[PDB]
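This report concerns only the one structure given below.
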Amino acid sequence: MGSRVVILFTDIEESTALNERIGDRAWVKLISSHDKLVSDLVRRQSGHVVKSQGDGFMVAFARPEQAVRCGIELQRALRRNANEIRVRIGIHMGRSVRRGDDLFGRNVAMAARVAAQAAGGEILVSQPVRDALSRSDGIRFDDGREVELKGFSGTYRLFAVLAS
Amino acid sequence: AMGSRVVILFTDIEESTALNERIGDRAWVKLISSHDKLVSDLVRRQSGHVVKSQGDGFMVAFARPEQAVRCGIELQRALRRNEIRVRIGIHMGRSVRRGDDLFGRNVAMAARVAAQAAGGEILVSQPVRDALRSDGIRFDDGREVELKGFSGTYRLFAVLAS
Ligand SMILES: Nc1ncnc2c1ncn2[C@@H]1O[C@H](COP(=O)(O)OP(=O)(O)OP(=O)(O)O)[C@@H](O)[C@H]1O
Ligand SMILES: Nc1ncnc2c1ncn2[C@@H]1O[C@H](COP(=O)(O)OP(=O)(O)OP(=O)(O)O)[C@@H](O)[C@H]1O
Ligand SMILES: [Ca+2]
Ligand SMILES: [Ca+2]
């Protein structure tokens, strides 16, 4: 059931506290700039922004390498800007159901929970994504760590992207 | 906080992920599609506007707090008639309304109020409570909670419906 897709979620770390610190005027400007940054970088990796959730985005890619490259570029850009906003990123792949400009299904929820596990500045991918990129020449992962994900049974191993 | 005054209602399904996993994607998509139509219908009856979806819930704008609360009351009633339990939180304040979206700290606050609600419950912030027996709505005495990202405590009031 559903078409196979790679889902990337972004979320800003402690965005509510940031918004409260800087005030709504500054926040709207910051989030507009951030939206444009994410949108541009997604487009470069032939991805599609499915939707935004205030301080985060759900993004779809056809290939896992595109999702990871996008995450890598986004973290790089955020580091460059910081000269502050930290973003966590999670990537998962599997079948999901399209409805309008949205995605539904357990693999959407799982991608979101993978992102929720990541620290600010970090890109985490699920084991299927790591395995699919086991033979990549430029993408490197740590040895992963075991977590449990809300709503799911059992344990999942999540892998951090190690960028050049 | 900047922008125009708006009433923001959030819904959220309790343990939707576990529910998805138990019944499967086929059944879940059918269920959430049905749920979406129900929420959209009830929102429109109280002159609200769905701003967006957040997977298993919605962000809704109303001009007046009585509209948002009546919507929540009808939604909870409807869900009982129909298992999915929904949390509902309502806040009001100034927000920036740009490109068919709402931005600002009062958006985040409304989300946090909804996250504090029990499944089956409608929680409102103090400003909503204060703005409303003249219009047929009753509340408990409130509970004081901390909300992630905000300093100090906030008194949240449950709607007591017939
Ligand atoms: N434009 C928007 N659309 C939808 N939701 C929004 C919007 N703006 C704010 N929100 C809400 O505000 C909240 C953003 O805060 P979030 O829950 O990510 O915690 P945070 O303060 O970033 O802390 P952390 O993510 O580090 O736990 C979300 O729950 C989201 O629903
Ligand atoms: N179609 C979708 N679009 C966007 N996000 C989705 C979608 N489906 C699932 N999600 C994500 O999965 C999340 C479910 O998270 P939530 O934190 O609400 O968990 P839950 O399983 O409902 O448990 P509880 O709400 O009781 O904590 C959604 O809020 C959203 O972040
Ligand atoms: Ca966040
Ligand atoms: Ca939920």
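Labels for the structure tokens follow display order: chains A, B, ..., residues from 1 in each chain, ligands from 1.
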Near residue A:151, within 12 Å and counting only C-alpha atoms, which residues show up once chain neighbours fewer than 2 positions away are dropped, as a list in words?
residues 106, 107, 109, 110, 112, 113, 148, 149, 153, 154 and 155 of chain A; 14, 15, 16, 17, 18, 19, 20, 21 and 22 of chain B
Any chance you could export the current selection's N, CA, C and O atoms as a CSV table (one decimal), in the first residue's frame?
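For reference, selection_37.csv as written:
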chain,number,residue,atom,x,y,z
A,106,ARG,N,2.3,4.9,8.4
A,106,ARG,CA,3.2,4.7,9.5
A,106,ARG,C,4.6,5.1,9.1
A,106,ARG,O,5.3,5.5,10.0
A,107,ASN,N,5.0,5.1,7.9
A,107,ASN,CA,6.4,5.5,7.6
A,107,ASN,C,6.5,7.0,7.6
A,107,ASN,O,7.6,7.5,7.7
A,109,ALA,N,4.9,8.8,10.1
A,109,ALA,CA,5.1,9.0,11.5
A,109,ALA,C,6.5,8.5,11.9
A,109,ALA,O,7.1,9.2,12.8
A,110,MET,N,7.0,7.5,11.3
A,110,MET,CA,8.3,7.0,11.7
A,110,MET,C,9.4,8.0,11.3
A,110,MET,O,10.3,8.2,12.1
A,112,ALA,N,9.0,11.1,11.2
A,112,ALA,CA,8.9,12.2,12.1
A,112,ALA,C,9.6,11.9,13.4
A,112,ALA,O,10.3,12.7,14.1
A,113,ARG,N,9.4,10.6,13.9
A,113,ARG,CA,10.0,10.2,15.2
A,113,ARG,C,11.5,10.1,15.1
A,113,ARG,O,12.2,10.3,16.1
A,148,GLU,N,13.9,3.4,21.1
A,148,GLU,CA,12.5,3.1,20.9
A,148,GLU,C,11.8,4.3,20.4
A,148,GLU,O,12.1,5.4,20.9
A,149,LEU,N,10.9,4.1,19.5
A,149,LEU,CA,10.1,5.2,18.9
A,149,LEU,C,8.7,5.2,19.3
A,149,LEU,O,8.0,4.2,19.3
A,153,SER,N,6.5,-0.6,18.2
A,153,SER,CA,7.0,-1.7,19.0
A,153,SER,C,8.4,-2.0,18.7
A,153,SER,O,8.8,-1.9,17.5
A,154,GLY,N,9.2,-2.5,19.7
A,154,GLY,CA,10.5,-2.9,19.5
A,154,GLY,C,11.5,-1.8,19.4
A,154,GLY,O,11.2,-0.7,19.7
A,155,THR,N,12.8,-2.2,19.0
A,155,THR,CA,13.9,-1.2,19.0
A,155,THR,C,14.3,-0.9,17.5
A,155,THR,O,14.2,-1.8,16.6
B,14,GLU,N,-5.0,11.4,20.1
B,14,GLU,CA,-4.3,10.7,21.1
B,14,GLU,C,-3.7,9.4,20.5
B,14,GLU,O,-4.5,8.5,20.0
B,15,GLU,N,-2.4,9.2,20.6
B,15,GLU,CA,-1.8,7.9,20.2
B,15,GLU,C,-2.2,7.5,18.8
B,15,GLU,O,-2.5,6.3,18.6
B,16,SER,N,-2.1,8.4,17.9
B,16,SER,CA,-2.4,8.0,16.5
B,16,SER,C,-1.5,7.0,15.9
B,16,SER,O,-1.9,6.2,15.0
B,17,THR,N,-0.2,7.1,16.3
B,17,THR,CA,0.8,6.2,15.7
B,17,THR,C,0.5,4.8,16.1
B,17,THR,O,0.5,3.9,15.2
B,18,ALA,N,0.3,4.6,17.4
B,18,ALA,CA,-0.1,3.2,17.8
B,18,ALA,C,-1.3,2.7,17.1
B,18,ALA,O,-1.4,1.6,16.7
B,19,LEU,N,-2.3,3.6,16.9
B,19,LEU,CA,-3.5,3.3,16.2
B,19,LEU,C,-3.2,2.9,14.8
B,19,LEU,O,-3.8,1.9,14.3
B,20,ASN,N,-2.4,3.7,14.1
B,20,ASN,CA,-2.0,3.4,12.7
B,20,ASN,C,-1.4,2.0,12.6
B,20,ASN,O,-1.7,1.2,11.8
B,21,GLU,N,-0.5,1.7,13.6
B,21,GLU,CA,0.2,0.4,13.6
B,21,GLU,C,-0.7,-0.7,13.8
B,21,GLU,O,-0.4,-1.8,13.3
B,22,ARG,N,-1.8,-0.5,14.6
B,22,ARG,CA,-2.7,-1.6,14.9
B,22,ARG,C,-3.6,-2.0,13.8
B,22,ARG,O,-3.8,-3.2,13.5
Chain B contacts on chain A, only C-alpha atoms, 7 Å, as an MDAnalysis selection string:
chainID A and resid 1 14 16:17 19:20 23:25 28 53 104:106 109 151:152
Just N, CA and C atoms for this one: save the residues we selected as a JSON list (two decimals), in the first residue's frame.
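Saved result, selection.json, follows:
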[["chain", "number", "residue", "atom", "x", "y", "z"],
["A", 1, "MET", "N", 0.83, -1.20, 0.00],
["A", 1, "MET", "CA", 0.00, 0.00, 0.00],
["A", 1, "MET", "C", 0.86, 1.26, 0.00],
["A", 14, "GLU", "N", 14.30, 24.20, 20.11],
["A", 14, "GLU", "CA", 13.88, 25.24, 21.06],
["A", 14, "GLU", "C", 13.40, 26.50, 20.34],
["A", 16, "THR", "N", 10.40, 27.79, 20.26],
["A", 16, "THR", "CA", 9.44, 28.59, 21.03],
["A", 16, "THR", "C", 10.21, 29.57, 21.92],
["A", 17, "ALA", "N", 11.23, 29.07, 22.60],
["A", 17, "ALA", "CA", 12.05, 29.95, 23.42],
["A", 17, "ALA", "C", 12.70, 31.04, 22.58],
["A", 19, "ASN", "N", 11.58, 32.30, 19.65],
["A", 19, "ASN", "CA", 10.49, 33.22, 19.31],
["A", 19, "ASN", "C", 10.21, 34.17, 20.47],
["A", 20, "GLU", "N", 10.13, 33.64, 21.69],
["A", 20, "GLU", "CA", 9.88, 34.48, 22.88],
["A", 20, "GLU", "C", 11.00, 35.46, 23.15],
["A", 23, "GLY", "N", 11.06, 38.02, 19.78],
["A", 23, "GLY", "CA", 9.80, 38.66, 19.49],
["A", 23, "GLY", "C", 9.27, 38.24, 18.13],
["A", 24, "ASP", "N", 7.97, 38.42, 17.94],
["A", 24, "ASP", "CA", 7.32, 37.97, 16.73],
["A", 24, "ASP", "C", 7.84, 38.65, 15.46],
["A", 25, "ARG", "N", 8.17, 39.94, 15.51],
["A", 25, "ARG", "CA", 8.61, 40.61, 14.28],
["A", 25, "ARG", "C", 9.88, 39.95, 13.74],
["A", 28, "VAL", "N", 9.21, 36.18, 12.52],
["A", 28, "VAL", "CA", 8.63, 36.02, 11.19],
["A", 28, "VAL", "C", 9.69, 36.21, 10.11],
["A", 53, "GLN", "N", 5.47, 23.06, 9.29],
["A", 53, "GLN", "CA", 4.82, 23.02, 10.59],
["A", 53, "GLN", "C", 5.44, 24.05, 11.53],
["A", 104, "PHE", "N", 0.60, 10.27, 4.23],
["A", 104, "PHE", "CA", 0.02, 9.57, 5.36],
["A", 104, "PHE", "C", 0.49, 8.13, 5.43],
["A", 105, "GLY", "N", 0.58, 7.64, 6.65],
["A", 105, "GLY", "CA", 0.94, 6.26, 6.89],
["A", 105, "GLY", "C", 2.01, 6.14, 7.94],
["A", 106, "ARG", "N", 2.27, 4.91, 8.35],
["A", 106, "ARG", "CA", 3.16, 4.66, 9.47],
["A", 106, "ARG", "C", 4.58, 5.11, 9.15],
["A", 109, "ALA", "N", 4.90, 8.82, 10.06],
["A", 109, "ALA", "CA", 5.06, 8.95, 11.49],
["A", 109, "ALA", "C", 6.46, 8.53, 11.91],
["A", 151, "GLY", "N", 4.95, 4.99, 19.71],
["A", 151, "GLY", "CA", 3.91, 4.44, 18.86],
["A", 151, "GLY", "C", 4.30, 3.17, 18.14],
["A", 152, "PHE", "N", 5.59, 2.84, 18.19],
["A", 152, "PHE", "CA", 6.12, 1.67, 17.51],
["A", 152, "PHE", "C", 6.63, 0.65, 18.52]]
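With only C-alpha atoms and all ligand atoms as the atoms that count, the residue of B:123, B:68, B:132, B:118 with the shortest distance to ligand 4 is B:118.
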Can you pull out every residue from stretch 12-164 of chain A that DSSP, working from the backbone, puts in strand (DSSP E), and format the result as a PyMOL selection string?
chain A and resi 12+48-52+56-61+87-99+102-104+123-125+140-141+145-147+156-162
Hey, could you make a per-residue contact list for chain A against ligand 1 with 12 Å as the cut-off, showing the nearest pair of atoms and its distance in Å to one decimal, counting only C-alpha atoms and all ligand atoms, sorted by chain and number, as a tab-separated table?
residue	atom	partner	partner_atom_place_in_ligand_line	distance
A:9	CA	ligand 1	18 (O)	11.5
A:10	CA	ligand 1	18 (O)	9.7
A:11	CA	ligand 1	18 (O)	6.2
A:12	CA	ligand 1	22 (O)	5.3
A:13	CA	ligand 1	26 (O)	3.8
A:14	CA	ligand 1	26 (O)	3.7
A:15	CA	ligand 1	22 (O)	3.8
A:16	CA	ligand 1	21 (O)	3.8
A:17	CA	ligand 1	21 (O)	6.0
A:18	CA	ligand 1	21 (O)	7.8
A:19	CA	ligand 1	21 (O)	8.6
A:20	CA	ligand 1	21 (O)	9.8
A:21	CA	ligand 1	21 (O)	11.8
A:24	CA	ligand 1	8 (N)	11.1
A:27	CA	ligand 1	8 (N)	10.4
A:28	CA	ligand 1	1 (N)	9.8
A:31	CA	ligand 1	1 (N)	9.5
A:32	CA	ligand 1	1 (N)	10.8
A:35	CA	ligand 1	1 (N)	11.2
A:51	CA	ligand 1	3 (N)	9.5
A:52	CA	ligand 1	3 (N)	6.7
A:53	CA	ligand 1	4 (C)	4.1
A:54	CA	ligand 1	7 (C)	3.3
A:55	CA	ligand 1	14 (C)	5.9
A:56	CA	ligand 1	18 (O)	7.4
A:57	CA	ligand 1	3 (N)	9.9
A:58	CA	ligand 1	4 (C)	11.9
A:85	CA	ligand 1	22 (O)	10.6
A:86	CA	ligand 1	26 (O)	9.3
A:87	CA	ligand 1	26 (O)	8.9
A:88	CA	ligand 1	25 (O)	8.6
A:89	CA	ligand 1	25 (O)	11.2
A:112	CA	ligand 1	18 (O)	11.4
A:113	CA	ligand 1	25 (O)	11.7
A:115	CA	ligand 1	25 (O)	10.0
A:116	CA	ligand 1	25 (O)	7.7
A:117	CA	ligand 1	27 (O)	10.2
A:118	CA	ligand 1	26 (O)	10.1
A:119	CA	ligand 1	26 (O)	8.7
A:120	CA	ligand 1	26 (O)	8.0
A:121	CA	ligand 1	26 (O)	11.7
Next, write the just-selected residues to a file, as a JSON list (two decimals), in the first residue's frame, keeping C-alpha atoms as the atom set.
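Result file follows (part.json):
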[["chain", "number", "residue", "atom", "x", "y", "z"],
["A", 9, "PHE", "CA", 11.69, 16.05, 8.48],
["A", 10, "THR", "CA", 13.37, 19.16, 9.85],
["A", 11, "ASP", "CA", 12.65, 20.75, 13.22],
["A", 12, "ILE", "CA", 14.23, 23.81, 14.86],
["A", 13, "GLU", "CA", 15.61, 23.19, 18.32],
["A", 14, "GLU", "CA", 13.88, 25.24, 21.06],
["A", 15, "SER", "CA", 12.10, 27.46, 18.54],
["A", 16, "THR", "CA", 9.44, 28.59, 21.03],
["A", 17, "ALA", "CA", 12.05, 29.95, 23.42],
["A", 18, "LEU", "CA", 13.75, 31.63, 20.46],
["A", 19, "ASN", "CA", 10.49, 33.22, 19.31],
["A", 20, "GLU", "CA", 9.88, 34.48, 22.88],
["A", 21, "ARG", "CA", 13.38, 35.92, 23.11],
["A", 24, "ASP", "CA", 7.32, 37.97, 16.73],
["A", 27, "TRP", "CA", 10.76, 35.60, 14.32],
["A", 28, "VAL", "CA", 8.63, 36.02, 11.19],
["A", 31, "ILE", "CA", 11.37, 31.84, 9.70],
["A", 32, "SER", "CA", 10.73, 33.37, 6.25],
["A", 35, "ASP", "CA", 11.79, 28.67, 4.70],
["A", 51, "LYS", "CA", 4.40, 20.99, 4.04],
["A", 52, "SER", "CA", 5.60, 23.20, 6.88],
["A", 53, "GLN", "CA", 4.82, 23.02, 10.59],
["A", 54, "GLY", "CA", 5.94, 26.41, 11.89],
["A", 55, "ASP", "CA", 9.54, 25.67, 12.75],
["A", 56, "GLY", "CA", 9.83, 22.58, 10.56],
["A", 57, "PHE", "CA", 9.18, 20.89, 7.20],
["A", 58, "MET", "CA", 8.20, 17.56, 5.74],
["A", 85, "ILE", "CA", 19.40, 28.43, 14.69],
["A", 86, "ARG", "CA", 20.03, 24.71, 15.20],
["A", 87, "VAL", "CA", 17.94, 22.19, 13.27],
["A", 88, "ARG", "CA", 17.42, 18.48, 13.78],
["A", 89, "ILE", "CA", 16.88, 16.29, 10.73],
["A", 112, "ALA", "CA", 8.93, 12.22, 12.14],
["A", 113, "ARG", "CA", 9.99, 10.24, 15.17],
["A", 115, "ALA", "CA", 13.83, 13.47, 13.36],
["A", 116, "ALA", "CA", 12.58, 13.89, 16.94],
["A", 117, "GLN", "CA", 15.45, 11.70, 18.11],
["A", 118, "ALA", "CA", 18.10, 13.85, 16.47],
["A", 119, "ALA", "CA", 20.00, 16.57, 18.26],
["A", 120, "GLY", "CA", 20.19, 20.10, 16.93],
["A", 121, "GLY", "CA", 22.88, 20.03, 14.25]]
Non-local contacts of residue A:59 (8 Å; only C-alpha atoms; under 2 positions in same chain excluded) as a PyMOL selection string:
chain A and resi 7-9+42+47-51+57+61
Could you turn the residues from that selection into a file that holds N, CA and C atoms, as a PDB file, in the first residue's frame?
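What ended up in result.pdb:
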ATOM      1  N   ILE A   7      11.373  10.267   3.084  1.00  0.00           N
ATOM      2  CA  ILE A   7      10.802  11.399   3.805  1.00  0.00           C
ATOM      3  C   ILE A   7      11.839  11.974   4.731  1.00  0.00           C
ATOM      4  N   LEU A   8      12.004  13.287   4.630  1.00  0.00           N
ATOM      5  CA  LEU A   8      12.891  14.040   5.506  1.00  0.00           C
ATOM      6  C   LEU A   8      12.055  15.030   6.297  1.00  0.00           C
ATOM      7  N   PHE A   9      12.278  15.048   7.602  1.00  0.00           N
ATOM      8  CA  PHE A   9      11.687  16.048   8.484  1.00  0.00           C
ATOM      9  C   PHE A   9      12.801  16.920   9.041  1.00  0.00           C
ATOM     10  N   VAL A  42      16.203  22.030  -1.038  1.00  0.00           N
ATOM     11  CA  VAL A  42      15.381  20.877  -1.419  1.00  0.00           C
ATOM     12  C   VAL A  42      15.281  20.803  -2.936  1.00  0.00           C
ATOM     13  N   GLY A  47      14.037  17.463  -4.633  1.00  0.00           N
ATOM     14  CA  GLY A  47      13.018  17.111  -3.676  1.00  0.00           C
ATOM     15  C   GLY A  47      11.779  17.971  -3.777  1.00  0.00           C
ATOM     16  N   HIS A  48      10.811  17.675  -2.915  1.00  0.00           N
ATOM     17  CA  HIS A  48       9.556  18.405  -2.878  1.00  0.00           C
ATOM     18  C   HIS A  48       9.168  18.679  -1.428  1.00  0.00           C
ATOM     19  N   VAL A  49       8.999  19.951  -1.076  1.00  0.00           N
ATOM     20  CA  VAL A  49       8.475  20.297   0.241  1.00  0.00           C
ATOM     21  C   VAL A  49       7.010  19.932   0.239  1.00  0.00           C
ATOM     22  N   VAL A  50       6.625  19.016   1.116  1.00  0.00           N
ATOM     23  CA  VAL A  50       5.238  18.604   1.206  1.00  0.00           C
ATOM     24  C   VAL A  50       4.469  19.593   2.063  1.00  0.00           C
ATOM     25  N   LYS A  51       5.043  20.002   3.189  1.00  0.00           N
ATOM     26  CA  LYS A  51       4.396  20.991   4.037  1.00  0.00           C
ATOM     27  C   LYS A  51       5.321  21.518   5.123  1.00  0.00           C
ATOM     28  N   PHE A  57       9.695  21.309   8.501  1.00  0.00           N
ATOM     29  CA  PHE A  57       9.178  20.889   7.201  1.00  0.00           C
ATOM     30  C   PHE A  57       9.175  19.387   7.035  1.00  0.00           C
ATOM     31  N   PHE A  61      11.660  12.926  -1.205  1.00  0.00           N
ATOM     32  CA  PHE A  61      12.636  12.672  -2.268  1.00  0.00           C
ATOM     33  C   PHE A  61      12.403  11.299  -2.850  1.00  0.00           C
TER      34      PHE A  61
END
Pairwise distance for atom CA of residue B:47 and atom CA of residue B:80, rounded to one decimal in Å:
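These atoms are spaced 22.5 Å apart.
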Identify all residues of stretch 102-138 of chain B in alpha helix (DSSP H) (DSSP on the backbone) and supply them as a ChimeraX atom specification.
/B:105-116,126-131
Selection from above, C-alpha atoms, as a PDB file, in the first residue's frame, can you write it?
ATOM      1  CA  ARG B 105       4.352  32.958  19.852  1.00  0.00           C
ATOM      2  CA  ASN B 106       0.583  32.696  20.251  1.00  0.00           C
ATOM      3  CA  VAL B 107       0.521  29.954  17.618  1.00  0.00           C
ATOM      4  CA  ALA B 108       3.067  27.998  19.650  1.00  0.00           C
ATOM      5  CA  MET B 109       1.076  28.738  22.811  1.00  0.00           C
ATOM      6  CA  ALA B 110      -2.150  27.392  21.264  1.00  0.00           C
ATOM      7  CA  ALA B 111      -0.298  24.204  20.296  1.00  0.00           C
ATOM      8  CA  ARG B 112       1.024  23.789  23.813  1.00  0.00           C
ATOM      9  CA  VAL B 113      -2.447  24.248  25.281  1.00  0.00           C
ATOM     10  CA  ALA B 114      -3.753  21.498  23.035  1.00  0.00           C
ATOM     11  CA  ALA B 115      -0.821  19.232  23.990  1.00  0.00           C
ATOM     12  CA  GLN B 116      -1.818  19.617  27.657  1.00  0.00           C
ATOM     13  CA  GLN B 126      -6.959  32.285  30.468  1.00  0.00           C
ATOM     14  CA  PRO B 127      -7.588  34.917  27.782  1.00  0.00           C
ATOM     15  CA  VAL B 128     -10.198  32.647  26.140  1.00  0.00           C
ATOM     16  CA  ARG B 129     -11.845  31.884  29.475  1.00  0.00           C
ATOM     17  CA  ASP B 130     -11.960  35.575  30.373  1.00  0.00           C
ATOM     18  CA  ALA B 131     -13.561  36.502  27.033  1.00  0.00           C
TER      19      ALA B 131
END
Calculated over only C-alpha atoms and all ligand atoms, which of the candidates A:150, A:6, A:74, A:163 has the smallest distance to ligand 4?
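Among A:150, A:6, A:74, A:163, it is A:150 that comes nearest to ligand 4.
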Residues within 9 Å of residue B:119, please, as a ChimeraX atom specification. Count only C-alpha atoms; anything in the same chain fewer than 5 positions from it doesn't count.
/B:12-14,84-88
Might you pull out every residue within 9 Å of residue A:65, with only C-alpha atoms counted and same-chain residues fewer than 5 positions away left off, and present them as a PyMOL selection string?
chain A and resi 45+70+129+132-133+136+139
Can those selected residues be exported to a file as a CSV table (one decimal), in the first residue's frame so that it contains C-alpha atoms?
chain,number,residue,atom,x,y,z
A,45,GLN,CA,18.3,17.8,-4.7
A,70,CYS,CA,20.0,17.9,1.1
A,129,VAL,CA,18.2,4.4,4.7
A,132,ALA,CA,20.5,1.6,1.1
A,133,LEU,CA,23.5,3.9,1.3
A,136,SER,CA,27.9,5.1,-1.3
A,139,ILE,CA,28.2,9.3,2.5
Pick out the closest residue to residue A:33 from this set: A:75, A:81, A:102, A:164. Count only C-alpha atoms.
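Checking each of A:75, A:81, A:102, A:164 against residue A:33, counting only C-alpha atoms, the winner is A:81.
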Using only C-alpha atoms, which protein or nucleic acid residues come within 12 Å of stretch 74-78 of chain B? Drop anything in the same chain fewer than 5 positions from it, and give the result as a short mmCIF file (atom, residue, chain, number, x, y, z; two decimals) with N, CA, C and O atoms, in the first residue's frame.
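result14.cif was written with the following content:
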data_model
loop_
_atom_site.label_atom_id
_atom_site.label_comp_id
_atom_site.auth_asym_id
_atom_site.auth_seq_id
_atom_site.Cartn_x
_atom_site.Cartn_y
_atom_site.Cartn_z
N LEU B 9 -7.38 27.30 17.34
CA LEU B 9 -7.73 26.00 17.88
C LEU B 9 -6.84 24.93 17.25
O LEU B 9 -6.69 24.87 16.03
N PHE B 10 -6.29 24.06 18.09
CA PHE B 10 -5.56 22.89 17.61
C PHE B 10 -6.29 21.63 18.03
O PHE B 10 -6.75 21.51 19.16
N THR B 11 -6.35 20.66 17.10
CA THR B 11 -6.74 19.30 17.47
C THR B 11 -5.56 18.37 17.38
O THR B 11 -4.67 18.60 16.59
N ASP B 12 -5.60 17.30 18.15
CA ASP B 12 -4.60 16.26 18.05
C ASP B 12 -5.17 14.92 18.46
O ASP B 12 -5.79 14.82 19.47
N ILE B 13 -4.92 13.88 17.68
CA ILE B 13 -5.42 12.56 18.00
C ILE B 13 -4.47 11.93 19.01
O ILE B 13 -3.25 11.97 18.85
N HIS B 35 -12.11 11.56 9.25
CA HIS B 35 -11.91 12.52 10.33
C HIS B 35 -11.73 13.93 9.78
O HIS B 35 -12.32 14.88 10.30
N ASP B 36 -10.92 14.05 8.73
CA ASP B 36 -10.70 15.33 8.08
C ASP B 36 -12.01 15.95 7.61
O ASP B 36 -12.23 17.14 7.84
N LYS B 37 -12.87 15.17 6.96
CA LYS B 37 -14.16 15.70 6.50
C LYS B 37 -15.02 16.16 7.67
O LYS B 37 -15.70 17.18 7.61
N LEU B 38 -15.01 15.39 8.75
CA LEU B 38 -15.82 15.72 9.92
C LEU B 38 -15.36 17.05 10.54
O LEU B 38 -16.19 17.93 10.82
N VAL B 39 -14.06 17.18 10.75
CA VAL B 39 -13.51 18.39 11.35
C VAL B 39 -13.81 19.58 10.43
O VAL B 39 -14.30 20.62 10.88
N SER B 40 -13.53 19.44 9.14
CA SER B 40 -13.76 20.52 8.20
C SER B 40 -15.21 20.97 8.23
O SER B 40 -15.48 22.16 8.21
N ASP B 41 -16.14 20.03 8.26
CA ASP B 41 -17.55 20.38 8.30
C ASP B 41 -17.88 21.17 9.56
O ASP B 41 -18.56 22.21 9.50
N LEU B 42 -17.40 20.71 10.71
CA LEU B 42 -17.79 21.35 11.97
C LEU B 42 -17.13 22.71 12.11
O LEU B 42 -17.72 23.64 12.66
N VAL B 43 -15.92 22.84 11.59
CA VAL B 43 -15.23 24.12 11.58
C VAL B 43 -16.05 25.14 10.79
O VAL B 43 -16.25 26.27 11.24
N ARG B 44 -16.52 24.75 9.62
CA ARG B 44 -17.27 25.67 8.79
C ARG B 44 -18.59 26.09 9.43
O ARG B 44 -19.03 27.22 9.27
N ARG B 45 -19.21 25.19 10.19
CA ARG B 45 -20.47 25.53 10.85
C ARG B 45 -20.31 26.69 11.83
O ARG B 45 -21.25 27.45 12.04
N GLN B 46 -19.12 26.82 12.44
CA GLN B 46 -18.88 27.91 13.39
C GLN B 46 -18.03 29.02 12.75
O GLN B 46 -17.40 29.81 13.45
N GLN B 67 -16.96 30.83 18.99
CA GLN B 67 -17.03 29.98 17.80
C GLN B 67 -16.09 28.79 17.94
O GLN B 67 -16.45 27.65 17.66
N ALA B 68 -14.87 29.07 18.37
CA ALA B 68 -13.89 28.02 18.56
C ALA B 68 -14.37 27.02 19.60
O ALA B 68 -14.27 25.80 19.41
N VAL B 69 -14.89 27.50 20.72
CA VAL B 69 -15.31 26.58 21.76
C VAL B 69 -16.51 25.73 21.30
O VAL B 69 -16.53 24.52 21.51
N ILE B 84 -11.17 6.79 18.14
CA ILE B 84 -10.20 7.87 18.18
C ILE B 84 -10.64 8.94 19.19
O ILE B 84 -11.79 9.39 19.20
N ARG B 85 -9.70 9.31 20.05
CA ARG B 85 -9.89 10.36 21.03
C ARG B 85 -9.05 11.54 20.59
O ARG B 85 -7.93 11.36 20.12
N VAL B 86 -9.59 12.74 20.75
CA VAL B 86 -8.92 13.94 20.29
C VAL B 86 -8.72 14.92 21.43
O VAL B 86 -9.62 15.12 22.24
N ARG B 87 -7.54 15.49 21.51
CA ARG B 87 -7.29 16.62 22.37
C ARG B 87 -7.58 17.90 21.63
O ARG B 87 -7.28 17.98 20.49
N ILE B 88 -8.10 18.90 22.34
CA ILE B 88 -8.41 20.19 21.73
C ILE B 88 -7.94 21.28 22.67
O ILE B 88 -8.26 21.26 23.87
N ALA B 118 -6.26 16.39 27.77
CA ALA B 118 -6.50 14.97 27.72
C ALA B 118 -7.31 14.65 26.46
O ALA B 118 -7.98 15.51 25.92
N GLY B 119 -7.23 13.40 26.00
CA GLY B 119 -8.13 12.97 24.94
C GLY B 119 -9.56 13.14 25.44
O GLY B 119 -9.87 12.76 26.57
N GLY B 120 -10.41 13.71 24.60
CA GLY B 120 -11.79 13.96 24.98
C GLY B 120 -12.02 15.32 25.63
O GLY B 120 -13.16 15.70 25.87
N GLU B 121 -10.93 16.02 25.94
CA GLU B 121 -10.97 17.31 26.64
C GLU B 121 -10.81 18.51 25.71
O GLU B 121 -10.12 18.41 24.69
N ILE B 122 -11.45 19.62 26.06
CA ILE B 122 -11.23 20.92 25.45
C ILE B 122 -10.59 21.83 26.49
O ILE B 122 -11.22 22.13 27.50
N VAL B 159 -13.43 23.02 29.38
CA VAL B 159 -14.84 23.23 29.07
C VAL B 159 -15.65 22.11 29.67
O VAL B 159 -15.40 20.92 29.42
N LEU B 160 -16.65 22.49 30.46
CA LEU B 160 -17.61 21.53 31.00
C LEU B 160 -18.86 21.54 30.13
O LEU B 160 -19.68 22.45 30.24
N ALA B 161 -19.01 20.53 29.28
CA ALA B 161 -20.15 20.47 28.36
C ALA B 161 -21.26 19.58 28.90
O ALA B 161 -21.01 18.66 29.68
N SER B 162 -22.50 19.85 28.48
CA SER B 162 -23.66 19.10 28.95
C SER B 162 -23.49 17.60 28.73
O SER B 162 -22.96 17.17 27.70
#
One decimal, in Å: what's the spacing between atom 6 (C, counted along the ligand's line) of ligand 2 and atom CA of residue B:64?
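Distance between the two atoms: 28.4 Å.
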Point out the residue among B:57, B:91, B:155, B:65 with the least atom-to-atom distance to ligand 2, counting only C-alpha atoms and all ligand atoms.
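Looking at the shortest contact to ligand 2, the residue is B:57.
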